[PDB]
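To start, the structure under review is shown below, and the notes come after it.
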Amino acid sequence: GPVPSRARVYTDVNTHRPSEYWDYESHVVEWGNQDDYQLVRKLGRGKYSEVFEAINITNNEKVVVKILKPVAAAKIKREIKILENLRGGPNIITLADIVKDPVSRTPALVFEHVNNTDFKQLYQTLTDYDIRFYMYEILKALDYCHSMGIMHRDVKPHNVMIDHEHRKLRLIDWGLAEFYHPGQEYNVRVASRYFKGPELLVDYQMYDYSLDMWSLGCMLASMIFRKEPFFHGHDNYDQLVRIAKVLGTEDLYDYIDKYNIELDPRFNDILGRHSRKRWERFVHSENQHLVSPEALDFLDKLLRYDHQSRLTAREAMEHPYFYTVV
Ligand SMILES: COc1cc(CC(=O)O)ccc1O
């Protein structure tokens with residue numbers, strides 16, 4: 001069977017804490033007043049919620065209301081506990097209230113408002129300096145949540161809200177987040193296709209905070225190379241082949257051999273044999289001003305098959321790529 005794995009940082013952060021911190025099932029939700037909020041417009045609808053722009057009538061301030069779909073109780077308590085645990089942390093969205101929606105009869109989470117723009121609206125037009133600046137801001141959020149024993153598991157441009165005018169960033173949508181417990185096997189059906197780490201794609205369940213670092217590398221590659229998405233898979237299987245056409249198949253086999261993982265046999269007819277490509281293959285006249293030797297070295301240290309070999313969030317903050325950032 002598979003070889004076990006453990007995070008190389010923040011391994012035992014939950015083990016030493018009282019059960020109150022991480023046992024979300026036992027958490028008692030403190031309800032606010034639903035009449036304090038007036039819904040203004042629907043922003044979007046996903047698999048588990050409907051999101052609205054609203055106004056807090058007690059202070060005339062703009063807020064965002066996420067009304068959860070009646071799909072599951074466990075997911076709701078987990079998200080609430082995580083948001084309350086991380087509240088006030090650097091670049092973490094602030095949960096302002098939790099009210100019972102009168103129509104859906106489900107919880108409605110009330111958040112601070114950032115801007116009607118997600119990072120996906122801006123990330124393909126930033127300057128070199130702004131890519132470094134905002135990447136450093138995302139790292140502050142990731143090191144904080146990892147230091148608090150939490151993995152986000154859905155890092156992607158849509159989950160980074162940016163107020164470009166005020167140079168402010170928030171990491172949102174903690175609905176897939178989980179507490180890291182060493183030796184725990186987790187569900188691999190997390191993160192969006194293009195940002196899924198190889199551990200999810202090869203069905204390795206004992207993953208950790210390092211999954212968020214792969215997703216962050218995918219965002220960086222997309223920004224510096226002006227290729228969205230960087231790894232453009234047609235489904236979860238082709239997603240791994242797209243990665244192997246860049247990182248090569250030999251390092252993929254070394255990864256699965258290290259953890260004694262057996263690839264799904266469906267890969268026998270689609271994976272092939274691919275050499276590792278040099279990062280310079282992705283540089284062209286249109287993205288060259290975003291590429292530097294420091295950006296390429298940093299990217300190379302995030303996009304590694306072996307989750308234990310990737311930079312941690314704190315090591316990433318130490319990288320030369322960020323030396324120019326004030
Ligand atoms: C679209 O803006 C926001 C979206 C969300 C949604 C979430 O955290 O799941 C929270 C706060 C926001 O400001």
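We label chains A, B, ... in the order they appear in the structure tokens, count residues from 1 in each chain, and number ligands from 1 in the order shown.
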task: Pick out the residues no farther than 7 Å from ligand 1, counting only C-alpha atoms and all ligand atoms, and list them as a ChimeraX atom specification.
output: /A:51,63-64,66,93,111-116,161,172-175
May I have the residues within 9 Å of residue 239 of chain A as a compact mmCIF listing (two decimals) with C-alpha atoms, in the first residue's frame, using only C-alpha atoms and disregarding those fewer than 5 positions away in the same chain?
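Below is the file part10.txt, written as the result:
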```
# COMPACT_ATOMS: atom_id res chain seq x y z
CA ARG A 193 -9.29 21.10 -12.13
CA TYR A 194 -6.54 23.41 -13.33
CA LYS A 196 -5.31 20.38 -8.57
CA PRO A 198 -0.48 15.84 -8.65
CA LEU A 201 -4.61 13.51 -9.55
CA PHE A 231 -2.05 23.38 -17.30
CA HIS A 232 -5.14 23.06 -19.51
CA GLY A 233 -6.57 19.62 -18.91
CA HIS A 234 -9.80 18.40 -20.54
CA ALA A 244 3.70 15.61 -17.43
```
- request: Would you mind telling me which residue in A:108, A:246, A:216, A:67 lies nearest to residue 142 of chain A when using only C-alpha atoms?
  value: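 With only C-alpha atoms as the atom set, the closest residue is A:216.
Nearest to residue 126 of chain A of all the residues A:26, A:222, A:19, A:91 is A:222, based on only C-alpha atoms.
With distances restricted to only C-alpha atoms, A:224 is the closest residue to residue 291 of chain A from A:213, A:80, A:224, A:9.
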- request: Apply DSSP to the backbone of this structure and, from segment 157-301 of chain A, keep only the residues in alpha helix (DSSP H); write these as an NGL selection string.
  value: :A and (198-201 or 210-225 or 236-247 or 249-258 or 293-301)
task: Find the residues near residue 90 of chain A: any atom within 12 Å, counting only C-alpha atoms, skip ones fewer than 6 places away on the same chain, and give them as a list in words.
output: residues 136, 137, 138, 139, 140, 141, 142, 143, 144, 145, 147, 168, 169, 170 and 171 of chain A
Take the selection from the previous step and output its residues with N, CA, C and O atoms, as a PDB file, in the first residue's frame.
```pdb
ATOM      1  N   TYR A 136       3.116  38.100  -2.856  1.00  0.00           N
ATOM      2  CA  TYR A 136       3.607  38.215  -1.471  1.00  0.00           C
ATOM      3  C   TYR A 136       2.416  38.358  -0.511  1.00  0.00           C
ATOM      4  O   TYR A 136       2.383  37.712   0.537  1.00  0.00           O
ATOM      5  N   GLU A 137       1.410  39.131  -0.938  1.00  0.00           N
ATOM      6  CA  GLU A 137       0.190  39.278  -0.126  1.00  0.00           C
ATOM      7  C   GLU A 137      -0.566  37.941   0.016  1.00  0.00           C
ATOM      8  O   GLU A 137      -1.058  37.633   1.110  1.00  0.00           O
ATOM      9  N   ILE A 138      -0.640  37.132  -1.080  1.00  0.00           N
ATOM     10  CA  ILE A 138      -1.327  35.824  -0.961  1.00  0.00           C
ATOM     11  C   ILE A 138      -0.530  34.927  -0.014  1.00  0.00           C
ATOM     12  O   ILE A 138      -1.119  34.194   0.793  1.00  0.00           O
ATOM     13  N   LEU A 139       0.821  35.000  -0.091  1.00  0.00           N
ATOM     14  CA  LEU A 139       1.638  34.171   0.789  1.00  0.00           C
ATOM     15  C   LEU A 139       1.410  34.490   2.255  1.00  0.00           C
ATOM     16  O   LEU A 139       1.502  33.583   3.097  1.00  0.00           O
ATOM     17  N   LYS A 140       1.166  35.777   2.581  1.00  0.00           N
ATOM     18  CA  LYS A 140       0.920  36.110   3.985  1.00  0.00           C
ATOM     19  C   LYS A 140      -0.333  35.336   4.478  1.00  0.00           C
ATOM     20  O   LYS A 140      -0.337  34.842   5.608  1.00  0.00           O
ATOM     21  N   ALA A 141      -1.392  35.277   3.641  1.00  0.00           N
ATOM     22  CA  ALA A 141      -2.619  34.587   4.017  1.00  0.00           C
ATOM     23  C   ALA A 141      -2.358  33.088   4.168  1.00  0.00           C
ATOM     24  O   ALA A 141      -2.856  32.465   5.118  1.00  0.00           O
ATOM     25  N   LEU A 142      -1.589  32.502   3.211  1.00  0.00           N
ATOM     26  CA  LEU A 142      -1.323  31.072   3.262  1.00  0.00           C
ATOM     27  C   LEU A 142      -0.438  30.688   4.427  1.00  0.00           C
ATOM     28  O   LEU A 142      -0.732  29.686   5.109  1.00  0.00           O
ATOM     29  N   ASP A 143       0.632  31.465   4.694  1.00  0.00           N
ATOM     30  CA  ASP A 143       1.430  31.079   5.870  1.00  0.00           C
ATOM     31  C   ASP A 143       0.585  31.202   7.151  1.00  0.00           C
ATOM     32  O   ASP A 143       0.741  30.395   8.077  1.00  0.00           O
ATOM     33  N   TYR A 144      -0.269  32.233   7.218  1.00  0.00           N
ATOM     34  CA  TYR A 144      -1.083  32.350   8.416  1.00  0.00           C
ATOM     35  C   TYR A 144      -1.999  31.140   8.593  1.00  0.00           C
ATOM     36  O   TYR A 144      -2.034  30.522   9.670  1.00  0.00           O
ATOM     37  N   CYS A 145      -2.771  30.797   7.530  1.00  0.00           N
ATOM     38  CA  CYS A 145      -3.684  29.679   7.742  1.00  0.00           C
ATOM     39  C   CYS A 145      -2.932  28.355   7.989  1.00  0.00           C
ATOM     40  O   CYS A 145      -3.336  27.603   8.882  1.00  0.00           O
ATOM     41  N   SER A 147      -0.045  28.016   9.499  1.00  0.00           N
ATOM     42  CA  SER A 147       0.495  28.112  10.880  1.00  0.00           C
ATOM     43  C   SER A 147      -0.586  27.884  11.906  1.00  0.00           C
ATOM     44  O   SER A 147      -0.288  27.590  13.077  1.00  0.00           O
ATOM     45  N   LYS A 168      -5.171  46.114  -2.022  1.00  0.00           N
ATOM     46  CA  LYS A 168      -5.634  45.251  -0.937  1.00  0.00           C
ATOM     47  C   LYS A 168      -6.090  43.939  -1.543  1.00  0.00           C
ATOM     48  O   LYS A 168      -6.705  43.929  -2.613  1.00  0.00           O
ATOM     49  N   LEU A 169      -5.814  42.838  -0.814  1.00  0.00           N
ATOM     50  CA  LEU A 169      -6.138  41.490  -1.247  1.00  0.00           C
ATOM     51  C   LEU A 169      -6.775  40.706  -0.092  1.00  0.00           C
ATOM     52  O   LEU A 169      -6.316  40.836   1.031  1.00  0.00           O
ATOM     53  N   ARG A 170      -7.771  39.838  -0.413  1.00  0.00           N
ATOM     54  CA  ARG A 170      -8.346  38.912   0.573  1.00  0.00           C
ATOM     55  C   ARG A 170      -8.481  37.543  -0.068  1.00  0.00           C
ATOM     56  O   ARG A 170      -8.958  37.429  -1.200  1.00  0.00           O
ATOM     57  N   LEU A 171      -8.116  36.493   0.693  1.00  0.00           N
ATOM     58  CA  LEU A 171      -8.327  35.115   0.309  1.00  0.00           C
ATOM     59  C   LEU A 171      -9.717  34.714   0.829  1.00  0.00           C
ATOM     60  O   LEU A 171      -9.985  34.810   2.038  1.00  0.00           O
TER      61      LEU A 171
END
```
field: Residue set, segment 92-253 of chain A restricted to strand (DSSP E), as number ranges by chain
entry: A: 95-100, 107-112, 150-151, 160-163, 168-171, 178-179
Save out the residues we just selected, C-alpha atoms, as a PDB file, in the first residue's frame.
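selection39.pdb written:
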```pdb
ATOM      1  CA  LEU A  95     -16.651  36.836   8.727  1.00  0.00           C
ATOM      2  CA  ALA A  96     -18.816  39.669  10.168  1.00  0.00           C
ATOM      3  CA  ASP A  97     -21.950  37.637  11.104  1.00  0.00           C
ATOM      4  CA  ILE A  98     -23.922  34.397  10.744  1.00  0.00           C
ATOM      5  CA  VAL A  99     -27.696  34.725  10.323  1.00  0.00           C
ATOM      6  CA  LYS A 100     -30.527  32.281   9.475  1.00  0.00           C
ATOM      7  CA  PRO A 107     -27.203  29.683   7.437  1.00  0.00           C
ATOM      8  CA  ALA A 108     -26.113  32.827   5.665  1.00  0.00           C
ATOM      9  CA  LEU A 109     -22.551  33.952   6.266  1.00  0.00           C
ATOM     10  CA  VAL A 110     -22.000  37.723   6.196  1.00  0.00           C
ATOM     11  CA  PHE A 111     -18.519  38.937   5.118  1.00  0.00           C
ATOM     12  CA  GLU A 112     -16.709  42.255   4.699  1.00  0.00           C
ATOM     13  CA  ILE A 150      -5.559  24.828   8.203  1.00  0.00           C
ATOM     14  CA  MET A 151      -5.247  24.021   4.506  1.00  0.00           C
ATOM     15  CA  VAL A 160      -8.549  35.999  -4.406  1.00  0.00           C
ATOM     16  CA  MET A 161     -10.535  39.261  -4.167  1.00  0.00           C
ATOM     17  CA  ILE A 162      -8.521  42.342  -5.099  1.00  0.00           C
ATOM     18  CA  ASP A 163      -9.167  46.053  -4.671  1.00  0.00           C
ATOM     19  CA  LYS A 168      -5.634  45.251  -0.937  1.00  0.00           C
ATOM     20  CA  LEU A 169      -6.138  41.490  -1.247  1.00  0.00           C
ATOM     21  CA  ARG A 170      -8.346  38.912   0.573  1.00  0.00           C
ATOM     22  CA  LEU A 171      -8.327  35.115   0.309  1.00  0.00           C
ATOM     23  CA  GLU A 178      -9.791  21.578   6.390  1.00  0.00           C
ATOM     24  CA  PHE A 179      -7.805  21.119   9.585  1.00  0.00           C
TER      25      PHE A 179
END
```
